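Student: Sharing start-v4.cif below, mmCIF, C-alpha atoms and all ligand atoms:
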data_query
loop_
_atom_site.label_atom_id
_atom_site.label_comp_id
_atom_site.auth_asym_id
_atom_site.auth_seq_id
_atom_site.Cartn_x
_atom_site.Cartn_y
_atom_site.Cartn_z
CA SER I 1 0.00 0.00 0.00
CA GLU I 2 2.10 2.90 1.32
CA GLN I 3 5.76 3.48 0.56
CA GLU I 4 8.19 2.29 3.22
CA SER I 5 9.71 5.78 3.36
CA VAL I 6 6.32 7.15 4.47
CA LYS I 7 5.78 4.36 7.03
CA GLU I 8 9.28 4.91 8.44
CA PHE I 9 8.76 8.67 8.64
CA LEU I 10 5.54 8.27 10.61
CA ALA I 11 7.06 5.57 12.85
CA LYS I 12 9.91 7.90 13.83
CA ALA I 13 7.46 10.78 14.28
CA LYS I 14 5.52 8.67 16.80
CA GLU I 15 8.69 7.57 18.63
CA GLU I 16 9.77 11.19 19.07
CA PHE I 17 6.28 12.33 20.15
CA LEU I 18 5.98 9.59 22.76
CA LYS I 19 9.34 10.40 24.38
CA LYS I 20 8.21 13.98 25.06
CA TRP I 21 4.63 12.89 25.84
CA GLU I 22 5.81 10.59 28.64
CA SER I 23 8.24 13.17 30.13
CA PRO I 24 6.80 16.66 29.56
CA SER I 25 8.77 19.83 30.11
CA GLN I 26 7.52 22.28 32.74
CA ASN I 27 8.42 25.71 34.11
CA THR I 28 10.78 26.83 31.35
CA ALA I 29 10.45 30.64 31.82
CA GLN I 30 8.65 33.26 33.94
CA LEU I 31 6.50 36.32 33.28
CA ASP I 32 9.04 39.01 34.12
CA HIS I 33 11.39 37.61 31.43
CA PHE I 34 9.14 39.31 28.83
CA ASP I 35 7.87 42.78 27.95
CA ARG I 36 4.20 43.04 26.96
CA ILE I 37 3.51 44.66 23.56
CA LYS I 38 -0.14 44.21 22.46
CA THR I 39 -3.19 41.99 22.87
CA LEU I 40 -3.61 39.94 19.68
CA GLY I 41 -6.92 38.26 20.53
CA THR I 42 -9.28 37.33 23.33
CA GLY I 43 -11.46 34.41 24.33
CA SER I 44 -13.70 32.90 26.97
CA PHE I 45 -11.02 31.91 29.51
CA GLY I 46 -7.92 33.55 28.07
CA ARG I 47 -6.19 35.84 25.61
CA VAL I 48 -3.07 35.93 23.44
CA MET I 49 -0.53 38.76 23.74
CA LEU I 50 2.52 39.71 21.70
CA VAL I 51 5.56 39.79 24.02
CA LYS I 52 9.29 40.34 23.55
CA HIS I 53 11.92 38.39 25.48
CA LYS I 54 14.02 40.90 27.40
CA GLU I 55 17.39 39.15 26.95
CA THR I 56 17.22 37.80 23.38
CA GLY I 57 14.89 40.32 21.74
CA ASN I 58 12.81 37.54 20.15
CA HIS I 59 9.05 38.01 19.75
CA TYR I 60 6.50 35.47 20.97
CA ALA I 61 2.74 34.98 21.24
CA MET I 62 1.86 34.35 24.90
CA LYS I 63 -1.45 32.57 25.53
CA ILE I 64 -2.68 33.40 29.06
CA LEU I 65 -5.37 31.31 30.78
CA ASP I 66 -7.03 32.25 34.08
CA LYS I 67 -6.94 29.15 36.30
CA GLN I 68 -10.16 30.00 38.15
CA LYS I 69 -12.07 30.67 34.92
CA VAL I 70 -10.75 27.37 33.53
CA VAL I 71 -12.04 25.44 36.56
CA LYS I 72 -15.43 27.16 36.36
CA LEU I 73 -15.77 26.45 32.63
CA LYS I 74 -14.77 22.78 33.20
CA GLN I 75 -11.70 23.09 30.95
CA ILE I 76 -9.06 21.61 33.28
CA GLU I 77 -8.47 18.42 31.28
CA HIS I 78 -8.55 20.39 28.02
CA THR I 79 -5.90 22.92 29.13
CA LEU I 80 -3.65 20.09 30.32
CA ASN I 81 -4.20 18.35 26.95
CA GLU I 82 -3.18 21.50 25.08
CA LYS I 83 0.15 22.07 26.80
CA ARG I 84 1.13 18.39 26.92
CA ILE I 85 0.41 17.91 23.20
CA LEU I 86 2.07 21.17 22.13
CA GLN I 87 5.29 20.42 24.01
CA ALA I 88 5.52 16.98 22.30
CA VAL I 89 4.67 17.60 18.61
CA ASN I 90 6.99 18.68 15.78
CA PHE I 91 5.70 19.35 12.25
CA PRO I 92 6.21 22.12 9.66
CA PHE I 93 2.60 23.35 9.78
CA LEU I 94 2.15 23.49 13.59
CA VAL I 95 2.93 26.53 15.76
CA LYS I 96 5.98 25.89 17.94
CA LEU I 97 5.67 26.08 21.73
CA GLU I 98 8.90 27.59 23.12
CA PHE I 99 8.13 28.01 26.85
CA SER I 100 5.44 27.19 29.40
CA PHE I 101 4.95 28.11 33.08
CA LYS I 102 2.31 28.97 35.69
CA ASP I 103 1.97 31.38 38.61
CA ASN I 104 -0.53 32.01 41.41
CA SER I 105 -3.28 32.99 38.94
CA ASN I 106 -2.53 31.88 35.37
CA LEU I 107 -1.19 29.28 32.96
CA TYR I 108 1.14 30.50 30.19
CA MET I 109 1.98 28.97 26.81
CA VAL I 110 4.61 30.96 24.89
CA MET I 111 4.67 30.23 21.13
CA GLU I 112 6.75 31.53 18.25
CA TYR I 113 4.98 34.63 16.87
CA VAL I 114 3.57 34.32 13.33
CA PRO I 115 3.10 37.91 12.03
CA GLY I 116 0.98 37.23 8.95
CA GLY I 117 -2.33 36.98 10.81
CA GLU I 118 -5.24 34.54 10.70
CA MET I 119 -6.44 33.00 7.43
CA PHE I 120 -9.92 34.22 8.43
CA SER I 121 -8.87 37.86 7.99
CA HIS I 122 -7.38 37.23 4.54
CA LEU I 123 -10.37 35.16 3.36
CA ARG I 124 -12.84 37.85 4.44
CA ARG I 125 -10.71 40.60 2.84
CA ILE I 126 -10.51 38.89 -0.57
CA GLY I 127 -13.97 37.27 -0.49
CA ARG I 128 -13.05 33.74 -1.58
CA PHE I 129 -9.92 31.83 -2.58
CA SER I 130 -9.48 30.39 -6.08
CA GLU I 131 -9.40 26.57 -6.19
CA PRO I 132 -5.56 26.41 -6.58
CA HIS I 133 -5.22 28.72 -3.56
CA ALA I 134 -7.71 26.74 -1.45
CA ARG I 135 -5.99 23.49 -2.54
CA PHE I 136 -2.55 24.75 -1.44
CA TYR I 137 -3.89 25.34 2.09
CA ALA I 138 -6.00 22.16 2.14
CA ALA I 139 -2.96 20.02 1.23
CA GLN I 140 -1.14 21.36 4.29
CA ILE I 141 -4.10 20.43 6.53
CA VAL I 142 -4.28 16.93 4.99
CA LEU I 143 -0.60 16.33 5.82
CA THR I 144 -1.02 17.81 9.32
CA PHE I 145 -3.93 15.45 10.06
CA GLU I 146 -1.98 12.51 8.60
CA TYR I 147 0.73 13.33 11.17
CA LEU I 148 -1.61 14.04 14.10
CA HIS I 149 -3.84 11.02 13.56
CA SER I 150 -0.80 8.72 13.34
CA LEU I 151 0.01 9.88 16.90
CA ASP I 152 -3.57 8.98 17.99
CA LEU I 153 -4.40 12.69 18.31
CA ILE I 154 -7.66 14.35 17.23
CA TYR I 155 -7.53 18.12 16.67
CA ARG I 156 -11.24 19.06 16.99
CA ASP I 157 -11.00 22.81 16.29
CA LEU I 158 -10.33 23.25 12.55
CA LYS I 159 -11.59 26.65 11.32
CA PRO I 160 -10.03 29.64 9.50
CA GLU I 161 -9.41 31.61 12.70
CA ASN I 162 -6.97 28.91 13.90
CA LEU I 163 -4.79 28.81 10.73
CA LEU I 164 -2.05 31.46 10.81
CA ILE I 165 -0.23 32.54 7.63
CA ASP I 166 3.55 32.76 8.03
CA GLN I 167 6.31 34.77 6.36
CA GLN I 168 6.49 32.23 3.49
CA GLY I 169 2.71 32.14 2.96
CA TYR I 170 2.33 28.69 4.57
CA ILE I 171 -0.05 27.65 7.39
CA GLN I 172 0.79 27.20 11.04
CA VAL I 173 -2.07 25.69 13.06
CA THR I 174 -2.65 27.24 16.49
CA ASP I 175 -4.92 26.54 19.46
CA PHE I 176 -4.78 22.94 20.69
CA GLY I 177 -7.36 23.65 23.42
CA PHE I 178 -9.67 20.88 22.15
CA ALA I 179 -6.98 18.46 20.95
CA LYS I 180 -6.79 15.09 22.65
CA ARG I 181 -4.97 11.76 22.52
CA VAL I 182 -7.63 9.11 21.83
CA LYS I 183 -7.21 5.33 21.54
CA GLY I 184 -10.66 4.46 20.21
CA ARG I 185 -13.59 6.84 20.74
CA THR I 186 -14.16 10.05 22.71
CA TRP I 187 -17.35 11.80 23.82
CA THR I 188 -16.92 15.52 24.70
CA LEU I 189 -19.26 18.11 23.18
CA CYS I 190 -16.76 20.70 21.95
CA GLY I 191 -15.99 22.74 18.84
CA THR I 192 -17.52 25.60 16.89
CA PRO I 193 -21.11 24.93 15.72
CA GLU I 194 -20.52 25.51 11.99
CA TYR I 195 -17.72 22.91 11.98
CA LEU I 196 -19.24 20.11 14.13
CA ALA I 197 -19.71 16.67 12.60
CA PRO I 198 -23.15 15.00 12.95
CA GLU I 199 -21.88 12.38 15.41
CA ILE I 200 -20.74 15.11 17.84
CA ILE I 201 -24.14 16.82 17.61
CA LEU I 202 -25.95 13.52 18.23
CA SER I 203 -23.93 12.77 21.42
CA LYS I 204 -22.26 9.65 20.00
CA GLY I 205 -18.82 8.27 20.69
CA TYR I 206 -16.67 9.62 17.87
CA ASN I 207 -13.16 9.40 16.39
CA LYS I 208 -10.76 11.11 13.96
CA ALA I 209 -13.47 11.15 11.26
CA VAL I 210 -14.70 14.40 12.84
CA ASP I 211 -11.50 16.13 11.67
CA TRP I 212 -12.10 15.00 8.07
CA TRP I 213 -15.66 16.35 8.24
CA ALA I 214 -14.26 19.67 9.46
CA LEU I 215 -11.81 19.68 6.50
CA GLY I 216 -14.83 19.46 4.18
CA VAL I 217 -16.37 22.49 5.93
CA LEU I 218 -13.06 24.40 5.68
CA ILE I 219 -12.52 23.67 1.97
CA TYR I 220 -16.11 24.72 1.21
CA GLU I 221 -15.63 27.95 3.19
CA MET I 222 -12.30 28.78 1.50
CA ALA I 223 -13.70 28.23 -2.01
CA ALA I 224 -17.15 29.80 -1.48
CA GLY I 225 -16.41 32.57 1.02
CA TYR I 226 -18.98 31.24 3.54
CA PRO I 227 -19.49 27.88 5.29
CA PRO I 228 -22.06 25.34 4.08
CA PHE I 229 -24.24 25.31 7.23
CA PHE I 230 -25.14 28.57 8.98
CA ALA I 231 -28.01 30.20 10.88
CA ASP I 232 -28.59 32.52 13.81
CA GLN I 233 -29.39 29.78 16.29
CA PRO I 234 -27.06 26.82 16.92
CA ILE I 235 -30.01 24.39 16.92
CA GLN I 236 -30.84 25.56 13.39
CA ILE I 237 -27.22 24.97 12.31
CA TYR I 238 -27.33 21.48 13.83
CA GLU I 239 -30.53 20.63 11.95
CA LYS I 240 -28.85 21.54 8.65
CA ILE I 241 -25.73 19.53 9.53
CA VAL I 242 -27.58 16.29 10.29
CA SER I 243 -29.92 16.56 7.26
CA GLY I 244 -27.42 15.28 4.70
CA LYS I 245 -28.11 18.18 2.31
CA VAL I 246 -25.49 20.58 0.92
CA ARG I 247 -25.84 23.09 -1.93
CA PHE I 248 -22.78 24.10 -3.93
CA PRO I 249 -22.08 27.34 -5.81
CA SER I 250 -22.16 26.92 -9.58
CA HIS I 251 -18.52 28.07 -9.86
CA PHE I 252 -17.27 24.99 -7.96
CA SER I 253 -15.52 22.49 -10.22
CA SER I 254 -17.05 19.03 -10.56
CA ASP I 255 -13.98 17.55 -8.84
CA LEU I 256 -14.43 19.92 -5.88
CA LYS I 257 -18.10 19.01 -5.45
CA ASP I 258 -17.24 15.30 -5.60
CA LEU I 259 -14.55 15.58 -2.91
CA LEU I 260 -16.82 17.65 -0.64
CA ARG I 261 -19.73 15.18 -0.88
CA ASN I 262 -17.33 12.48 0.37
CA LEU I 263 -15.91 14.58 3.25
CA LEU I 264 -19.38 15.92 4.21
CA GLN I 265 -20.77 12.39 4.43
CA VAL I 266 -23.17 12.19 7.37
CA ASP I 267 -22.49 8.45 7.88
CA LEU I 268 -19.05 8.38 9.50
CA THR I 269 -18.46 4.81 8.24
CA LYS I 270 -18.61 6.10 4.64
CA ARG I 271 -16.62 9.34 5.06
CA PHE I 272 -13.35 9.96 3.22
CA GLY I 273 -10.44 9.75 5.63
CA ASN I 274 -12.23 7.04 7.66
CA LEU I 275 -12.29 4.18 5.12
CA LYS I 276 -9.88 1.25 4.75
CA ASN I 277 -7.45 3.37 2.70
CA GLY I 278 -7.54 6.22 5.24
CA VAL I 279 -5.89 9.46 4.12
CA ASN I 280 -5.01 7.96 0.74
CA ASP I 281 -8.59 8.28 -0.54
CA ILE I 282 -8.21 12.05 -0.09
CA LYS I 283 -4.65 12.42 -1.42
CA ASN I 284 -5.52 10.36 -4.53
CA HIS I 285 -8.78 12.19 -5.31
CA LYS I 286 -8.92 14.02 -8.67
CA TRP I 287 -9.20 17.44 -6.97
CA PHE I 288 -5.63 16.96 -5.65
CA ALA I 289 -4.18 15.65 -8.95
CA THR I 290 -1.88 18.68 -9.31
CA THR I 291 -0.58 18.53 -5.71
CA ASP I 292 3.08 17.56 -5.12
CA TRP I 293 2.74 16.24 -1.56
CA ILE I 294 6.46 16.00 -0.82
CA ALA I 295 7.10 19.48 -2.24
CA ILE I 296 4.36 20.92 0.03
CA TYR I 297 5.87 19.16 3.07
CA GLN I 298 9.35 20.50 2.19
CA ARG I 299 7.98 24.05 1.69
CA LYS I 300 9.31 24.14 -1.89
CA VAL I 301 6.08 25.31 -3.59
CA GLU I 302 5.62 29.04 -4.15
CA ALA I 303 2.75 30.28 -2.00
CA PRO I 304 -0.33 32.01 -3.50
CA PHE I 305 0.46 35.14 -1.48
CA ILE I 306 2.74 36.44 1.26
CA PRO I 307 1.17 38.64 3.96
CA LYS I 308 2.28 42.26 4.05
CA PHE I 309 4.12 43.13 7.24
CA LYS I 310 7.16 45.21 8.15
CA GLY I 311 9.09 42.97 10.53
CA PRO I 312 8.97 40.26 13.20
CA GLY I 313 7.16 42.52 15.70
CA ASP I 314 4.55 43.97 13.33
CA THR I 315 0.95 43.57 14.56
CA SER I 316 -0.86 45.16 11.58
CA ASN I 317 -2.41 41.84 10.51
CA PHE I 318 -4.16 41.42 13.89
CA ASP I 319 -6.92 43.65 15.23
CA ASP I 320 -7.44 45.98 18.21
CA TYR I 321 -8.65 44.89 21.65
CA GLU I 322 -9.03 46.66 24.97
CA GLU I 323 -5.73 46.31 26.87
CA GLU I 324 -6.33 44.73 30.30
CA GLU I 325 -3.96 43.88 33.17
CA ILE I 326 -2.19 40.56 33.66
CA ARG I 327 -2.78 40.47 37.40
CA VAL I 328 -1.19 37.76 39.52
CA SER I 329 -2.78 37.18 42.92
CA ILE I 330 -0.74 37.20 46.14
CA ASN I 331 -2.28 33.79 46.95
CA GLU I 332 -2.01 30.62 44.87
CA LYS I 333 -5.21 29.42 43.17
CA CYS I 334 -6.18 25.88 42.13
CA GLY I 335 -2.69 24.52 42.74
CA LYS I 336 -3.84 20.92 43.06
CA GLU I 337 -5.87 20.98 39.84
CA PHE I 338 -2.87 22.11 37.75
CA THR I 339 0.02 20.22 39.39
CA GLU I 340 0.92 18.59 36.06
CA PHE I 341 1.10 21.86 34.09
CL1 LIG B 401 2.36 13.72 7.06
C1 LIG B 401 3.82 13.15 6.29
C2 LIG B 401 3.94 11.82 5.98
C3 LIG B 401 5.11 11.37 5.38
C4 LIG B 401 6.15 12.26 5.10
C5 LIG B 401 7.38 11.77 4.48
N1 LIG B 401 7.63 10.58 4.04
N2 LIG B 401 8.94 10.62 3.55
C6 LIG B 401 9.37 11.81 3.73
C7 LIG B 401 10.71 12.37 3.43
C8 LIG B 401 10.82 13.25 2.16
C9 LIG B 401 10.99 14.68 2.61
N3 LIG B 401 11.71 14.55 3.91
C10 LIG B 401 11.37 13.23 4.52
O1 LIG B 401 8.44 12.62 4.32
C11 LIG B 401 6.00 13.60 5.43
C12 LIG B 401 4.84 14.05 6.02
CL1 LIG B 402 -12.68 13.67 35.12
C1 LIG B 402 -11.19 13.05 34.45
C2 LIG B 402 -11.24 12.23 33.34
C3 LIG B 402 -10.06 11.77 32.78
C4 LIG B 402 -8.83 12.13 33.33
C5 LIG B 402 -7.59 11.65 32.73
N1 LIG B 402 -7.42 10.94 31.67
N2 LIG B 402 -6.04 10.72 31.56
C6 LIG B 402 -5.49 11.32 32.55
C7 LIG B 402 -4.06 11.40 32.93
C8 LIG B 402 -3.45 12.81 32.90
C9 LIG B 402 -3.82 13.38 34.25
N3 LIG B 402 -3.85 12.20 35.16
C10 LIG B 402 -3.75 10.95 34.33
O1 LIG B 402 -6.41 11.94 33.35
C11 LIG B 402 -8.81 12.95 34.45
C12 LIG B 402 -9.99 13.41 35.02
CL1 LIG B 403 1.89 32.57 17.05
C1 LIG B 403 0.28 33.08 17.40
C2 LIG B 403 -0.13 34.34 17.02
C3 LIG B 403 -1.42 34.75 17.31
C4 LIG B 403 -2.30 33.90 17.98
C5 LIG B 403 -3.68 34.31 18.23
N1 LIG B 403 -4.20 35.49 18.15
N2 LIG B 403 -5.55 35.35 18.50
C6 LIG B 403 -5.73 34.10 18.77
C7 LIG B 403 -6.97 33.41 19.21
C8 LIG B 403 -8.22 34.31 19.28
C9 LIG B 403 -8.83 34.23 17.89
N3 LIG B 403 -8.20 33.02 17.28
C10 LIG B 403 -7.44 32.29 18.34
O1 LIG B 403 -4.59 33.37 18.62
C11 LIG B 403 -1.86 32.64 18.35
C12 LIG B 403 -0.57 32.22 18.07
#
How does the structure come out when it is put into structure tokens?
Ligand SMILES: Clc1ccc(-c2nnc([C@H]3CCNC3)o2)cc1
Ligand SMILES: Clc1ccc(-c2nnc([C@H]3CCNC3)o2)cc1
Ligand SMILES: Clc1ccc(-c2nnc([C@H]3CCNC3)o2)cc1
Tutor:
Amino acid sequence: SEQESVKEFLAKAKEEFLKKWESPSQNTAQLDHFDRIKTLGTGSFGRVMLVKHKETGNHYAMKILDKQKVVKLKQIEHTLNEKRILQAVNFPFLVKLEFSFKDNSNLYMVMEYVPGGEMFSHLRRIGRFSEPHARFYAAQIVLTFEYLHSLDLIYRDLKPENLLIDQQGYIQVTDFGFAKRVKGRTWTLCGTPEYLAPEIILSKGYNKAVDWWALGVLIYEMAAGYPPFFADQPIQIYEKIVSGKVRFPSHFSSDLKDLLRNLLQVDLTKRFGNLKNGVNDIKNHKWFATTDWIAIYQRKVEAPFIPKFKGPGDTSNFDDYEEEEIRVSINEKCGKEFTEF
């Protein structure tokens, strides 16, 4: 079936992941080693801030999570998943975690800063991506899932806001807050409504097939400019998702429609990526006939566009948020819950 070079690559990738997975790094910097520059984005339990390391001058994106808000939102296991996975993975299209640490109030994950901004911004600015442009990004996600799934990891948060565009025009995936190592099935209701597979919505035990469904949603959104299932109320979105009905814009190629019908298959036992040939059904589909998979992996293909930015500390591709304190309490909070962080 697969070439021995590919099998050996993935076998070594798993060996290296498991060594770090079984002995995670902890406490590799502290807050006063950095200067704060700007808030790059916010969220329910945390935010991401551009920082500069005071000794080296290097820029980083620091994700800050409030321990008490994490406990209240029942995200303890998820935050521990995120840091433990990020410190163990290594792949060209994943954001690199450089440091992690905690204090009395917060958990900190310090990643290399990617100045080009989120794919979401670029997609909304241009309207929609041409099929070659969408296919260049989709190929990178296919390889990333091939890697992650071979490590028994499910990603569970694919969407344009989590795909950063780097200085070469390639993707780096960020936010592993829903990622998890899974042996067979898992059961948590999590994700963004527009991207949820039917089996998540229906409260079933599910597997890596949910990532391949989300790839179908992403490719549709890149090529159309909007996602296939949307509405004002989540329950209305869920009803569309489970119905098995998708309408395609007339400008979609026949090959694109065919691939999407096989990724957006409501029956998970019939969905591309989850059949006997696994990822190969996707890589060998006609829509990818022009893709040089090794060249993509090696970053040898010229990108469709390079983001405009002035230097490693430029924030122009991210937007403006109210600047709030990073307060650290005099007393430790939730120490027992986060001992492993
Ligand atoms: Cl997901 C993924 C699966 C397999 C490979 C792979 N198989 N052989 C290689 C060689 C050629 C380039 N340098 C190592 O890479 C890469 C990514
Ligand atoms: Cl409610 C709950 C459900 C599952 C787990 C769990 N699954 N694997 C683990 C590892 C890492 C931390 N300790 C052992 O914990 C913890 C709490
Ligand atoms: Cl390297 C890097 C640079 C920026 C970010 C980032 N900025 N905002 C976010 C959140 C909120 C919206 N989407 C996820 O993440 C993460 C990593």
Student: Near stretch 127-137 of chain I, within 10 Å and counting only C-alpha atoms, which residues show up once chain neighbours fewer than 4 positions away are dropped, as a ChimeraX atom specification?
Tutor: /I:119,121-123,141-142,163,165,169-171,218-226,251-253,256,287-288,290-292,296,301-305
Student: Neighbouring residues of residue I:72 were defined as those with any atom within 12 Å, considering all atoms listed in the file; residues of the same chain fewer than 2 positions away were excluded. Please report them as JSON, numbers by chain.
Tutor: {"I": [44, 45, 66, 67, 68, 69, 70, 74, 75, 76, 334, 337]}
Student: What lies within 8 Å of residue I:297 using only C-alpha atoms, ignoring chain neighbours under 4 positions off, as a short mmCIF file (atom, residue, chain, number, x, y, z; two decimals) with C-alpha atoms, in the frame of the given file?
Tutor:
data_model
loop_
_atom_site.label_atom_id
_atom_site.label_comp_id
_atom_site.auth_asym_id
_atom_site.auth_seq_id
_atom_site.Cartn_x
_atom_site.Cartn_y
_atom_site.Cartn_z
CA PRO I 92 6.21 22.12 9.66
CA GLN I 140 -1.14 21.36 4.29
CA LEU I 143 -0.60 16.33 5.82
CA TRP I 293 2.74 16.24 -1.56
#
Student: Taking all atoms listed in the file into account, list the residues no farther than 9 Å from ligand LIG 401 (chain B), as JSON, numbers by chain.
Tutor: {"I": [3, 4, 5, 6, 7, 8, 9, 10, 91, 92, 140, 142, 143, 144, 145, 146, 147, 148, 150, 293, 294, 295, 297, 298]}
Student: Counting all atoms listed in the file, name the residues that have an atom within 8 Å of an atom of ligand LIG 403 (chain B); the answer should be given as a VMD selection string.
Tutor: chain I and resid 40 to 43 47 to 50 60 to 63 95 to 96 111 to 115 117 to 118 161 to 162 164 174 to 175 318
Student: Please give me, as a PyMOL selection string, the residues lying within 9 Å of ligand LIG 402 (chain B) when counting only C-alpha atoms and all ligand atoms.
Tutor: chain I and resi 76-77+80-81+340
Student: I'd like the neighbourhood of residue I:65 as a PyMOL selection string, where a residue qualifies if any of its atoms comes within 6 Å (using all atoms listed in the file), though same-chain residues fewer than 5 positions away should be ignored.
Tutor: chain I and resi 45-46+106-107
Student: Compile the contact shell of residue I:216 as a list in words: residues with an atom at most 10 Å away, counting only C-alpha atoms, same-chain residues fewer than 5 positions apart removed.
Tutor: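 Surrounding residues, per the criterion: residues 138, 195, 211, 221, 227, 228, 259, 260, 261, 262, 263, 264, 265 and 272 of chain I.
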Student: Do you have the atom CA of residue I:284-atom CA of residue I:258 distance handy?
Tutor: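 According to the coordinates, atom CA of residue I:284 and atom CA of residue I:258 are separated by 12.8 Å.
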Student: Between atom CA of residue I:180 and atom CA of residue I:154, measure the distance and give it in Å to one decimal.
Tutor: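 Between atom CA of residue I:180 and atom CA of residue I:154 the gap works out to 5.5 Å.
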Student: Smallest atom-to-atom distance to residue I:152: which of I:13, I:193, I:205, I:34, using only C-alpha atoms?
Tutor: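 Counting only C-alpha atoms, the residue closest to residue I:152 is I:13.
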Student: Write stretch 26-37 of chain I as a PDB file, in the frame of the given file, completed to N, CA, C and O atoms.
Tutor:
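Done, and the output landed in selection-v4.pdb:
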ATOM      1  N   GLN I  26       8.301  21.403  31.883  1.00  0.00           N
ATOM      2  CA  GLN I  26       7.520  22.280  32.740  1.00  0.00           C
ATOM      3  C   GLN I  26       8.412  23.436  33.169  1.00  0.00           C
ATOM      4  O   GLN I  26       9.631  23.283  33.292  1.00  0.00           O
ATOM      5  N   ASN I  27       7.787  24.590  33.405  1.00  0.00           N
ATOM      6  CA  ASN I  27       8.420  25.710  34.110  1.00  0.00           C
ATOM      7  C   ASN I  27       9.705  26.177  33.420  1.00  0.00           C
ATOM      8  O   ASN I  27      10.773  26.262  34.030  1.00  0.00           O
ATOM      9  N   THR I  28       9.598  26.507  32.135  1.00  0.00           N
ATOM     10  CA  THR I  28      10.780  26.830  31.350  1.00  0.00           C
ATOM     11  C   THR I  28      11.015  28.331  31.160  1.00  0.00           C
ATOM     12  O   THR I  28      11.980  28.698  30.487  1.00  0.00           O
ATOM     13  N   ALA I  29      10.179  29.195  31.735  1.00  0.00           N
ATOM     14  CA  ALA I  29      10.450  30.640  31.820  1.00  0.00           C
ATOM     15  C   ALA I  29       9.600  31.237  32.941  1.00  0.00           C
ATOM     16  O   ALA I  29       8.972  30.508  33.713  1.00  0.00           O
ATOM     17  N   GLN I  30       9.558  32.572  33.026  1.00  0.00           N
ATOM     18  CA  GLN I  30       8.650  33.260  33.940  1.00  0.00           C
ATOM     19  C   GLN I  30       8.206  34.587  33.327  1.00  0.00           C
ATOM     20  O   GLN I  30       8.797  35.081  32.366  1.00  0.00           O
ATOM     21  N   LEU I  31       7.159  35.176  33.915  1.00  0.00           N
ATOM     22  CA  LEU I  31       6.500  36.320  33.280  1.00  0.00           C
ATOM     23  C   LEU I  31       7.431  37.524  33.162  1.00  0.00           C
ATOM     24  O   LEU I  31       7.462  38.196  32.121  1.00  0.00           O
ATOM     25  N   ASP I  32       8.190  37.826  34.226  1.00  0.00           N
ATOM     26  CA  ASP I  32       9.040  39.010  34.120  1.00  0.00           C
ATOM     27  C   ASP I  32      10.278  38.816  33.223  1.00  0.00           C
ATOM     28  O   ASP I  32      11.137  39.716  33.163  1.00  0.00           O
ATOM     29  N   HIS I  33      10.403  37.699  32.493  1.00  0.00           N
ATOM     30  CA  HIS I  33      11.390  37.610  31.430  1.00  0.00           C
ATOM     31  C   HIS I  33      10.949  38.288  30.138  1.00  0.00           C
ATOM     32  O   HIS I  33      11.754  38.375  29.205  1.00  0.00           O
ATOM     33  N   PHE I  34       9.706  38.775  30.065  1.00  0.00           N
ATOM     34  CA  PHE I  34       9.140  39.310  28.830  1.00  0.00           C
ATOM     35  C   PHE I  34       8.588  40.715  29.066  1.00  0.00           C
ATOM     36  O   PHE I  34       8.188  41.071  30.180  1.00  0.00           O
ATOM     37  N   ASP I  35       8.583  41.510  28.001  1.00  0.00           N
ATOM     38  CA  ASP I  35       7.870  42.780  27.950  1.00  0.00           C
ATOM     39  C   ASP I  35       6.582  42.568  27.172  1.00  0.00           C
ATOM     40  O   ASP I  35       6.592  41.930  26.116  1.00  0.00           O
ATOM     41  N   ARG I  36       5.481  43.128  27.661  1.00  0.00           N
ATOM     42  CA  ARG I  36       4.200  43.040  26.960  1.00  0.00           C
ATOM     43  C   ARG I  36       4.087  44.129  25.896  1.00  0.00           C
ATOM     44  O   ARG I  36       4.422  45.290  26.144  1.00  0.00           O
ATOM     45  N   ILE I  37       3.587  43.754  24.711  1.00  0.00           N
ATOM     46  CA  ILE I  37       3.510  44.660  23.560  1.00  0.00           C
ATOM     47  C   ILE I  37       2.057  44.995  23.195  1.00  0.00           C
ATOM     48  O   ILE I  37       1.694  46.171  23.103  1.00  0.00           O
TER      49      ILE I  37
END
